[PDB]
Structures are given as structure tokens and as C-alpha cells.
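What follows is a set of notes on a single structure, which appears directly below.
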Amino acid sequence: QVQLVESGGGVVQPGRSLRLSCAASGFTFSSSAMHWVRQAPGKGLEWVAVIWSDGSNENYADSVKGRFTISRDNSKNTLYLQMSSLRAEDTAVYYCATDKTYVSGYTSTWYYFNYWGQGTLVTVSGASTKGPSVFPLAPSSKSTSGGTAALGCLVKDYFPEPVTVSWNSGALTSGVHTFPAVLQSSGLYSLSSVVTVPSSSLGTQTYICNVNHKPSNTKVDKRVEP
Amino acid sequence: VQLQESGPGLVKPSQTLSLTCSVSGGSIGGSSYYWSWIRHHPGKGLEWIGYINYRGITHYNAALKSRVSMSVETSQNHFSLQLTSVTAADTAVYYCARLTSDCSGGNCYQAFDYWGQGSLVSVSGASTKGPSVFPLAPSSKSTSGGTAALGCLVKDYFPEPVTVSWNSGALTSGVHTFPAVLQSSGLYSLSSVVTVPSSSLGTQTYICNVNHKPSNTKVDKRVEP
Amino acid sequence: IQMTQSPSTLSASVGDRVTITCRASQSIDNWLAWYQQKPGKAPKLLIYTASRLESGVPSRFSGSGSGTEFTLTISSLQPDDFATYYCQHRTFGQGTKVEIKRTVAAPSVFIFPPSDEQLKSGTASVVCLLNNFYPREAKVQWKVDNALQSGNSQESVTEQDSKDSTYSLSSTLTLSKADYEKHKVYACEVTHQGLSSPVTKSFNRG
Amino acid sequence: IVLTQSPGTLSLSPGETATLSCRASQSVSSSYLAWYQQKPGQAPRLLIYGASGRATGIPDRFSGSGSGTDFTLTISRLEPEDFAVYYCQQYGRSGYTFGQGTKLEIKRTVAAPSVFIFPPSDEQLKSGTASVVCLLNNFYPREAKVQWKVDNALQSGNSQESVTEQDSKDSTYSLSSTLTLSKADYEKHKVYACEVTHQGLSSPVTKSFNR
Amino acid sequence: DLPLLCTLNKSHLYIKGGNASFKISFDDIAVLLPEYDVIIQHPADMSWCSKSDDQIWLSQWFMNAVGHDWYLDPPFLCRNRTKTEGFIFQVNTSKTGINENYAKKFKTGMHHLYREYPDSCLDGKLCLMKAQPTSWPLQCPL
Ligand SMILES: *[C@@H]1O[C@H](CO)[C@@H](O[C@@H]2O[C@H](CO)[C@@H](O[C@@H]3O[C@H](CO)[C@@H](O)[C@H](O)[C@@H]3O)[C@H](O)[C@H]2NC(C)=O)[C@H](O)[C@H]1NC(C)=O
Ligand SMILES: *[C@@H]1O[C@H](CO)[C@@H](O)[C@H](O)[C@H]1NC(C)=O
Numbered sequence: 001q002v003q004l005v006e007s008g009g010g011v012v013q014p015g016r017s018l019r020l021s022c023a024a025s026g027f028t029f030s031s032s033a034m035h036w037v038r039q040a041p042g043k044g045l046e047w048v049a050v051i052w053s054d055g056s057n058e059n060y061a062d063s064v065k066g067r068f069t070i071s072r073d074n075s076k077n078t079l080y081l082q083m084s085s086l087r088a089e090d091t092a093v094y095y096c097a098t099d100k101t102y103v104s105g106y107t108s109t110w111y112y113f114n115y116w117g118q119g120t121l122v123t124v125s126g127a128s129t130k131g132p133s134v135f136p137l138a139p140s141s142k143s144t145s146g147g148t149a150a151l152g153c154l155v156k157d158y159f160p161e162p163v164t165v166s167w168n169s170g171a172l173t174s175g176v177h178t179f180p181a182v183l184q185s186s187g188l189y190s191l192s193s194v195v196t197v198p199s200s201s202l203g204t205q206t207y208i209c210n211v212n213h214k215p216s217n218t219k220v221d222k223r224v225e226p
Numbered sequence: 002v003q004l005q006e007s008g009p010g011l012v013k014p015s016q017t018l019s020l021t022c023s024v025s026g027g028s029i030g031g032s033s034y035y036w037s038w039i040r041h042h043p044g045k046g047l048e049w050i051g052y053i054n055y056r057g058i059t060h061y062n063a064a065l066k067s068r069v070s071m072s073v074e075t076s077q078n079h080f081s082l083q084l085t086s087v088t089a090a091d092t093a094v095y096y097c098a099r100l101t102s103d104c105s106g107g108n109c110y111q112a113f114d115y116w117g118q119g120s121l122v123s124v125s126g127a128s129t130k131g132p133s134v135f136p137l138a139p140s141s142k143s144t145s146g147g148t149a150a151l152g153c154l155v156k157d158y159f160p161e162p163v164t165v166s167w168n169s170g171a172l173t174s175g176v177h178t179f180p181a182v183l184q185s186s187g188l189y190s191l192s193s194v195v196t197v198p199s200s201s202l203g204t205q206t207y208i209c210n211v212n213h214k215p216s217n218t219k220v221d222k223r224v225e226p
Numbered sequence: 002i003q004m005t006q007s008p009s010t011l012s013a014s015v016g017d018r019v020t021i022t023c024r025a026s027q028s029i030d031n032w033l034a035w036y037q038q039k040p041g042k043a044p045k046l047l048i049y050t051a052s053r054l055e056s057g058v059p060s061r062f063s064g065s066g067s068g069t070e071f072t073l074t075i076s077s078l079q080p081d082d083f084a085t086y087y088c089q090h091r092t093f094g095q096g097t098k099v100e101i102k103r104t105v106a107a108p109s110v111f112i113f114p115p116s117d118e119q120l121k122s123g124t125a126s127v128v129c130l131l132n133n134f135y136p137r138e139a140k141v142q143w144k145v146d147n148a149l150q151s152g153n154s155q156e157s158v159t160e161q162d163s164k165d166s167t168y169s170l171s172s173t174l175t176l177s178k179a180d181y182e183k184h185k186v187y188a189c190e191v192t193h194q195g196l197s198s199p200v201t202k203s204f205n206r207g
Numbered sequence: 002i003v004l005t006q007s008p009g010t011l012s013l014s015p016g017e018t019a020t021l022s023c024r025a026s027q028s029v030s031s032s033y034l035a036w037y038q039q040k041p042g043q044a045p046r047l048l049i050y051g052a053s054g055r056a057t058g059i060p061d062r063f064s065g066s067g068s069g070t071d072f073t074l075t076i077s078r079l080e081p082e083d084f085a086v087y088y089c090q091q092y093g094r095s096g097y098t099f100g101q102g103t104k105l106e107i108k109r110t111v112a113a114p115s116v117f118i119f120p121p122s123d124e125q126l127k128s129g130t131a132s133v134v135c136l137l138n139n140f141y142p143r144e145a146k147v148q149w150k151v152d153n154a155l156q157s158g159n160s161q162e163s164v165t166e167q168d169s170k171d172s173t174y175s176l177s178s179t180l181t182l183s184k185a186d187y188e189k190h191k192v193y194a195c196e197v198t199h200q201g202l203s204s205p206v207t208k209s210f211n212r
Numbered sequence: 087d088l089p090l091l092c093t094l095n096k097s098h099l100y101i102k103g104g105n106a107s108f109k110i111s112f113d114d115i116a117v118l119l120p121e122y123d124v125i126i127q128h129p130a131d132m133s134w135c136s137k138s139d140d141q142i143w144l145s146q147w148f149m150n151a152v153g154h155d156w157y158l159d160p161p162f163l164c165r166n167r168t169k170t171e172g173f174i175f176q177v178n179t180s181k182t183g184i185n186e187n188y189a190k191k192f193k194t195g196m197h198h199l200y201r202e203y204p205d206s207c208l209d210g211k212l213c214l215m216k217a218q219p220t221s222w223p224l225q226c227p228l
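Residue numbers (PDB author numbering), protein chains in the order written: chain B, 1 to 226; chain O, 2 to 226; chain A, 2 to 207; chain N, 2 to 212; chain P, 87 to 228.
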């Protein structure tokens, strides 16, 4: 029955403050102590703050401690994390976690997390929001065998994350490898999605990539042929 | 908040020394309030003895735990200190304090804040001696310009100390009561002087109010040129 | 009071008696926990106080340890256990990614020329594909008339496949139109274990 | 556990800052350390509590500092009434051990002593004893040389010197040597001198009296 | 005026002095740790553990009753006073290692305070004494 939901936060230029909340339900919120967890894709997990239940705000993680605050409102049943004077290294996903006591006569402080949230990806970058430029990956006739040939699209120079790529409006699953986003030199994420098709499908089927970048509202459909 | 020490000045060796401290200002102990005794040897540093709580909780020094007991009574607001099989190496000045361990943030378990004047305890089997007060009369050679000087020499007494008041404690301005110095014969000798000008030569009578409580001798020696 | 998890990446097959270790800087007795994070979802609490399992976690998971050394063993792991595990306390563990054991797979190397639309904008990037290979340690060497490492710093990988459990790499050489119309042969030298003689897929321009 | 307070004696001028070190043998996780001030012939008072915070009614010129072994007390704008003995305390291995102590001497201009001589009292002369007392009033510094001359011959083994601590009202010391002899010894000589040698009084003054 | 004692089941050990009432339990579960918490050496360390006068006094009366030598016996842990988590003091009572000599001394203590106590501590395994302020039980008289 226990649910933990986050408010939202994305792009922020380093130094500008960003505020985040966590609504709680399905459990006695005022009893179980609540707190946040930082998660970058290139490191995994990291604890960031802790607040005891019903006031008496405890310390944070020294990794970032002095420059931001954590709050708790037991009436609204929400949690807070006010991230001020941001640095570029705080590019992470922020989870909401609980737990207190231990099934026996113990209550006092538990850095354990039995119930988690969903996490809201907060990218800390100054880069301007721009649309992606889609280029087709020309299917060369090198491996001209009638069962194997690669074909793709290039989602080059977009900002910020994410990008959703499909093929023939969700009619392909076999060979579809959507590669992860790479933030190149001086902002601009760039990725590529590939598909393996037989040589017979080359001159018979029409291949288009259903790429969309909702932060810039750029829906692109590109024709791929050698 | 004040503290008062009361006990014997001279205690014979291999016997029991007992002193009681008087709490003035508030009731004995509470949350983070302990009452201690801090000893002070001749030259050798301060040593802490032991404490007692509002409901009687004691902890003593490792070298003193074997022969030190303490008591307390919250009804009249006084606490005890009992040391058995006294030696000459137990000769010191006993001060009573308040330990306390309440604060504002960190370092709650702290040190002694309030202290008493402390009672000098001498541990010797020697008989007490009465000090023979001899007036140091202002002479013609003890006249340096417009000012003069006079005094009293509290010779041959035991044990320490002696209290010298001047004109029954009237004149304290330009007074120098010297510390006790052990004699050639091995007895305490105290000097005490006062510098009145040569103008007041034969005016106000100068009397030293010497008192030796361990021998109970109250001598009022008049100094005349 | 700091955590140390090992190994880096546990490569094992379904049925094995796999076990993860954990170290602590301070003598921590029972203030440790283990997590299971399948990438794309928050980690789940597995075991708490290093010995007691969480209410509703499979019996194959067993945590043992006290003093400073802690161990998490999986008696006979199932396919729904392949994720990254972490230590607990104030600090956290590095993350012992648990991968499958598979037969070595050769990558299907494919060189892609920069698009014609990409060439007109001034910045033309060259793409190289190498699909479905098992050993993760696969390096790509960009050879433009035999030398380069500038644009080579941009390469990404998808996680282990659901069907054949193989990774796939996309190396993207990035360069200008000025540098593009200055060189002839564009090669993608691929060094891998599943390749007896490291294969090179190359084009020119026409 | 061992507390060592350095230096032994700190003779400094008023206004000039004073720094006292207190080193521990075993690493103390603070809080038990507290500084004390014992003015001459008085009860010691709490200066700093938990090695950082200044006590009740204690000025902010007094500043407690330190962590681990070295702990420092710092007194900035000194005054003549800041002359006392300073101690650092600690609870370790069951026992509130205290420090060695540093007597802080407040400096002033080199002052000359007001030397006065006192012959033995009439009551003492009848009791077969004779004590000549040489008073040396309010000088600076403590370091003073005094000797007795009995018909131009030094007498030792009987003369006992007494020195008061720095009278913080004017930053001066005082001396009293008591030369003791019998009745027969007082009769056999006629001129008794008090030889005084000090920095303040450049000329060694000899104040004497006659039988 | 002597602190009340109560025995229930085996594991349910109780004590009440003044207004304060605790629950002495023995198990291998850990809640207090050094550097993280406080190190009580002598009974004047205990006063910055709680704010209540009976809560400090009962804890120091219980340790002097079991025979905790404040000089010889190892120090124990406690929870910082300015902590909302509550009140809890932990005594390492493991019956193996360096605390083996202290544990058997602590084992005979409960045998003379609570009279009969089949110890919930394993001889040759980790065990920790833990007291937490509980309500005075219905079953426990006075
Ligand atoms: C409470 O007391 C117990 C019992 O004394 C403590 O457990 C013991 O702690 C010591 C010190 O960490 C352990 O010694 C170590 O052994 C390992 C090998 O097992 C060695 O690599 C280390 O260098 C060290 O010598 C000891 O083994 C462990 N007890 C046993 C029998 O396993 C406990 O840590 C104390 N603290 C608390 C709060 O539990
Ligand atoms: C207890 O709380 C104070 C105040 O936050 C803190 O300074 C101290 O480090 C804490 N722990 C100990 C062991 O004193």
C-alpha cells in the first residue's frame, strides 16, 4: 500500500537553486523518518540527507552538506529538498526513502531504506534547450548477405535528456538497439539507434525512425536508404 | 552561588580527616550537578578527590578510592569528605566545587564552575604553638621622606595560618601581609607591615589583630614609635 | 566508517553459488544492509542488520557477517537476480554488477559514412557499429589513413541483451567538413577476443 | 594519560597577547578540558569550558582553542589585574588530572624598592631573642639581592626571606628578611646593616642602625 | 525509597525509579556505536545523556547495582541528549573475547538483582545489553 512520489525538476544552470518535494501515502508518515538519495548514472547510489520524523532535522552528507536544506511537513505529508548554489556534478536522479525502528525493542536512527520512490532526473547544466538534428545511417552493401545488414538513425546534438526512438511507429523489435545518450564536447547529447535487417528487406521495406524530443517539441521522421 | 569549607586545621597522622562543604544559593544537585573536593599540595599540583550526587552517587580518584568516603545531606545542604589513615603526604589545601555537565550544543559534560576559599589542612603529630607577636615600632631609620613604615612579626607558631587585621580591619590601603616562612628552628614565622606617612606619627594608635585559630590565641599588639 | 565492496563485475551463470563481499573502515557489527538495483528502477532492500532478510525477499539470498567483514551469497541465482548490489551504513559500496556467463560472441562490425545532410552543415561525424558480442572488453581504434584518437572519445554501449545476452557498441568519430575533405580512407579497427584477426571495415567517399 | 602545561612562567607586558599551551599524552576527544584562573590567595575560577566556550562572567579577550593533544589558551589585551596561575584539566583513566601551571607575570617599569629597617622589639629583647627585620617595599621585578652585615661581617643560616606575590593593584613585590640572634649576640655587636642590591636602585643602598 | 524491579517471562526485564521506567533487554542487535555516539566512563558522563533527573539517576543506580567498576570495567555507549530518537544506553555484554571477564560478572549481577535470570546472551557469541524507557507494565505491581 506504501507509495512515494516525487514532484519534478530537470534543467538548472550551476548556482541557481532548485526545490523538490516528495508526497507520501499508505503508511504513518509522521512516525517513520524520511530522507533522500542521490543517483548519478556513472556512479550508482549515494546518500544525500536525513530528517528525523516529526521535526529535529539531522545532518546531511558532507559531499554537498553546507549548500542546501531538507524539510518535512507532517500535515501535508510531503518531504522537501531545497538544492541551492548548484554545481555541475549534481547531475543525478533523486529518490525518496523511509524506514525507522527494527522489529524488536529498537527505534533510534536507521540509515536503511525498505520503501523507495521513483526519482526525478535533475541535470545541472547551463546549456540552451535545442532540438535534435536527425541524420540517417547509410546502410552500406558491405555485408550484402541476405540475412544480415545494419540500418540506423543518428540523433545528433539535442538538449536536455531524454529522447524516445521507435521504428515504423512501433512495428520493430528485432535488432533495435537504442544506444545510450552521450553528452559531447560543450553540451549537446548525441546518440544513435540501429536495427539489423536482411538484404531482402533493403529494397522492399521503407524504414523510418520515430524520434521525439518533447523538451524541444521536435518530432522527426527520417527516410533511411543506401 | 557560594561554597564554604569547615574542618580541623591540624589532624594527627594515621587518623581520619573530615571536612564538610556548605552549599549557598540553591538546593544540593539535580540534572547534571555533582559536588566534588579538589586538594592542593605545597607546590605539587591540583588533585581531584571524588564527587557525590543529589541522591548520593559517588566516584573517586584511583589512588584515593581505597581510603576515601563521602557523604551528603540535601535536607540542610551540606556534603562530606572522609579520608582514613592520613599521612604527611596528605598535607594540602582542600577546596570544594560543583562539577556540572549541562551546556548549549556541545561539551555538556564539563568542569567545575563554582569553588570555595578552601581550608588549609596540616597533617602532623607535633603539638600546636602559640605565636608570640612582637611589634615592629616605626624608627627614625625606617623614615624615608614624608612616608614611614611599621609592622608586627608573628614569630614561632604551628600550624599554618595566622590572620593579621590592621586597626581591627580598618586600614587595608598600603598594607603588606607577608607569607609564612619556616624558621631556622623549623617553626612558622609571619611578617606583616603597613606604611603610614610621618605626618600621622603620634596620632591614630596602630594595632595588629593577630589570630591563630588552631591554638585559639587572639593577640592585639599595639605599635608605638 | 567507510565501505569497500568487491568484486567490480561478477560474471557468473544461472545455478552457481555466487557470493559478494563487503568491508568497513570502523568495527561495525550489525548496521549493514544489501540492495538490488535493476538499472531503470530504484534499489529494493534485500537484507537488514547483515543477517535478517526483508519481509518478502527470496530465500536464496543469504547475508552473513559481523565485526568488519560481511558477505551476501545467492545459493542458486535465477534470471531475475541480475542487477547491481550495494553495501549500507552512512557510506555506500562501489557496486558489484552481476553479469551472466555466455559463450564468446564475435561482434558484427559495420562502418557508416556521414550523412549527405550532415556533410552540408559543416560538422560530419563518422559512425561505427559492432553488434552483439559477449566479452565487454572490446576496443575500437579509429584509423583515418592510419592514425586517430580525437573523435574516438565518443562510444556508447547497451546493456546485456534479454535473448542472447550480448552487448553492442557504437563508436562515433566526430570531425569537421574541413578535416573530412582532407583525408581518403576511413577505417574502424575493432580489437576483440571473438576475432582471431582483428577485423577492419572501411570506405573511402565514393 | 598525562597533562603538560608550557611554559613554566610567562612574564609579559599589558596589552601584549599571552599564549599558554597544554599538551596531552593520550589523544583527548575534548569536552573534559577546561581552563582555570587562580589569583593570589583566592579560589580558582572557571575560564573556558569544553576547551572552547568562555565561562559565566569571563571576558572575550580570554579565548579557548585546540583539538587532540595541543590545546591553547589565548589572553589578548592584558592588564595588571590578569596576574594569576593558569591550569588545564582532564578526566582520563579514572581521575580528573590537572595541569602543571603557568604563573603569568604582568610587566611594568623597573621600580626602585623603599627599604626600611626595624630593630628587635623590647618584649623580644627581654625574652633572650633578637630579630632584626629588613622591609623592602614595592619594587619591580621580584629578582632582588639582600644580605645582612653585623659590624661589617655577613651573617647567614638564621636570616629568613619572605616575598609576597605581585600586588595586581600596582604590579610590585615586597621582601622581609628576619635575622635572628640571641640576647648575648645582640649585646656583643653595635652596628647592624641591611645590604640591598636591585636593578631599580643602581647604587647598592646599605641601611643600618646602632645598638 | 528504593528503585522498583520487575521480572516477566525471561526477556522482559523492568525497572522504575521516580518517574522514569526502563526495559533491560539482551540481544545481538546493535544500535549504539563509538565515534557515532557517546562513551560513558564514570557516572558524571551519564548526565549529558538525558534531560530528566530520574532518567539519569536510575541508569547510574542500575550500573552501580550490577557492579560496574567505573575504573576497571570497559566503558559503555549512550545516546546523545539532544537526540529525538529517545533514550537508550547500551552495555557490551559479550561472553567471548576481552569482555568475557566482564560478561560473567554482569551475568551474576542479574542473578542477584532480578534473582533468577536464564541469560538471553550466548556464551561464545555476540550479545548486547540495551535499556529503553518503556511504560510501567500492567502485570508489574507497584
Ligand atoms: C562488543 O564485544 C564483542 C566481544 O569482545 C566485540 O566483538 C569482537 O570484536 C573484536 C574487535 O573487532 C573482534 O576481533 C577481530 O577478529 C577478527 C577475526 O575474527 C580480526 O581480523 C580482527 O583484527 C580482530 O582481532 C572479535 O572477533 C569480535 N568477536 C568475535 C568473537 O567474533 C564487539 O565488536 C564489541 N562491540 C559491539 C558494539 O558489539
Ligand atoms: C552530541 O551532540 C553535539 C551537538 O550536536 C555534538 O557536538 C557531538 O559531536 C555529539 N556527539 C558526541 C559524541 O558528543
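Backbone N, C-alpha and C fix where the C-beta goes; we use that ideal spot for every residue, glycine too.
- Item | Selection from B:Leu4, B:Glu225, B:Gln184 and B:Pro198 that minimises the alpha carbon distance to residue 232 (chain B) | In this structure chain B extends from 1 to 226, so residue 232 (chain B) is not present and cannot be described.
- Message: Assess contact between the segment 36–48 of chain O and the segment 99–117 of chain N, defined as three or more Cβ pairs (one per stretch) separated by less than 8 Å. Is contact present?
- Response: Proximity of the segment 36–48 of chain O to the segment 99–117 of chain N meets the contact definition, three or more beta-carbon pairs being nearer than 8 Å.
- Test item: CB-CB of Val24 (chain O) and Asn78 (chain O) under 8 Å: For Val24 (chain O) and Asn78 (chain O), yes; Cβs fall inside 8 Å.
- Message: Between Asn132 (chain A) and ligand 2, is there a pair consisting of the residue's CB and a ligand heavy atom that are separated by less than 7 Å?
- Response: No, the Cβ of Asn132 (chain A) stays beyond 7 Å of every heavy atom of ligand 2.
- Task: Taking only the alpha-carbon atoms, compute the straight-line gap between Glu171 (chain P) and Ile208 (chain B) and give it to the nearest angstrom.
- Result: Distance from the CA of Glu171 (chain P) to the CA of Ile208 (chain B), rounded to the nearest whole angstrom, comes to 60 Å.
- Item | Cross-strand partners of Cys92 (chain P) (DSSP beta bridge) | Bridge partners of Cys92 (chain P): P:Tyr100.
- Item | Distance between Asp62 (chain B) and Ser70 (chain O) (C-alpha atoms, nearest Å) | The straight-line gap from Cα to Cα measures roughly 49 Å.
- Message: Taking the alpha helix (DSSP H) that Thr194 (chain P) belongs to, which residues open and close that run?
- Response: From DSSP, the alpha helix (DSSP H) with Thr194 (chain P) extends over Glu186 to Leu199.
- Helix, strand or coil: which one does DSSP assign to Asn78 (chain O)? Three-state DSSP puts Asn78 (chain O) in coil, outside helix and strand.
- Kindly indicate if chain A contains any beta-carbon less than 8 Å away from that of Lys156 (chain B). The C-beta of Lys156 (chain B) comes closer than 8 Å to at least one C-beta of chain A.
- Rounded straight-line distance, which links the Cα of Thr59 (chain O) to that of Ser53 (chain B): Approximately 38 Å between the Cα atoms of the pair.
- Message: Count Cβ pairs between the segment 63–71 of chain N and the segment 151–161 of chain N that sit closer than 8 Å; are there 3 or more?
- Response: Segments in contact, no.
- Interfacial residues, the segment 23–56 of chain A to chain P, with Cβ spacing under 8 Å: Using a CB distance below 8 Å, the part of the segment 23–56 of chain A facing chain P consists of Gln27, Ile29, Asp30, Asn31, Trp32 and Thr50, ordered along the chain.
- Given a threshold of 16 other Cβ atoms within 10 Å of its Cβ, counted over all protein chains shown, does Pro139 (chain B) qualify as buried or as exposed? Burial call: buried.
- Message: Can you tell me whether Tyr168 (chain A) is helix, strand or coil according to DSSP?
- Response: Looking at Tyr168 (chain A) - three-state DSSP - the assignment turns out to be strand.
- Output the distance between the C-alpha atoms of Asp71 (chain N) and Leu4 (chain N), rounded to the nearest integer angstrom. Cα atoms of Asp71 (chain N) and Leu4 (chain N): separation of roughly 10 Å, rounded to the nearest angstrom.
- Any chance you could list the beta strand (DSSP E) runs of at least 3 consecutive residues sitting entirely within the segment 21–85 of chain A, in chain order? DSSP runs (the beta strand (DSSP E)) wholly in the segment 21–85 of chain A: 34–38, 45–49, 62–67 and 70–75.
- Message: Only counting the same chain, and skipping five residues up and downstream in sequence, which positions put a Cβ closer than 7 Å to that of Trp38 (chain O)?
- Response: Apart from the 5 residues on each side of it in sequence, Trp38 (chain O) sits with its Cβ closer than 7 Å to the Cβ of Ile50, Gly51, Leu82, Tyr95 and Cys97 in its chain, given in chain order.
- Would you tell me roughly how many angstroms separate the C-alpha atoms of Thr107 (chain B) and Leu4 (chain B), rounded to the nearest one? C-alpha separation (whole angstroms): 22 Å.
- Task: Select from O:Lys222, O:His41, O:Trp167 and O:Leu191 the residue whose C-alpha is nearest the C-alpha of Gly117 (chain O).
- Result: Here the closest residue by C-alpha is O:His41.
- Item | Extent of the continuous alpha helix (DSSP H) to which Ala179 (chain A) belongs | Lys178 to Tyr181 is the span of the alpha helix (DSSP H), which, as asked, contains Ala179 (chain A).
- Runs of beta strand (DSSP E) wholly within the segment 97–170 of chain P (minimum 3 residues, chain order): Qualifying beta strand (DSSP E) stretches, in chain order: 98–103, 106–113, 124–126 and 162–164.
- Identify the contact partners of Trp52 (chain B) in chain P, using a Cβ-Cβ distance below 9 Å as the criterion. Contact of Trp52 (chain B) with chain P by beta-carbon distance below 9 Å involves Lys169, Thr170 and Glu171.
- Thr179 (chain N): buried (16+ other C-beta within 10 angstroms of its C-beta) or exposed? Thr179 (chain N) counts as buried, since no fewer than 16 other beta carbons sit within 10 angstroms of its beta carbon.
- Message: Between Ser145 (chain P) and chain B, is the shortest Cβ-Cβ distance under 8 Å, so that the two count as touching?
- Response: Residue contact check for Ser145 (chain P) against chain B: no CB pair falls below 8 Å.
- Query: Closer than 8 Å, CB to CB, is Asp114 (chain P) near chain B or not?
  - Reply: For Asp114 (chain P), the answer is no, since every Cβ of chain B falls outside 8 Å of its Cβ.
- List the endpoints of the continuous beta strand (DSSP E) containing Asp157 (chain B). Per DSSP, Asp157 (chain B) belongs to the beta strand (DSSP E) from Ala150 to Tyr158.
- Item | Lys98 (chain A), buried or exposed, once every other Cβ within 10 Å from all chains shown has been counted against 16 | With 16 or more other Cβ atoms within 10 Å, it is buried.
- Message: With distance defined between alpha-carbon atoms, name the residue in O:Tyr158, O:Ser19 and O:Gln184 nearest to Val73 (chain O).
- Response: The residue from O:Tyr158, O:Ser19 and O:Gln184 with its alpha-carbon nearest to that of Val73 (chain O) is O:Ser19.
- Interface residues of chain A facing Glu121 (chain P) [CB-CB closer than 9 Å]: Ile2 and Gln27, listed in chain order.
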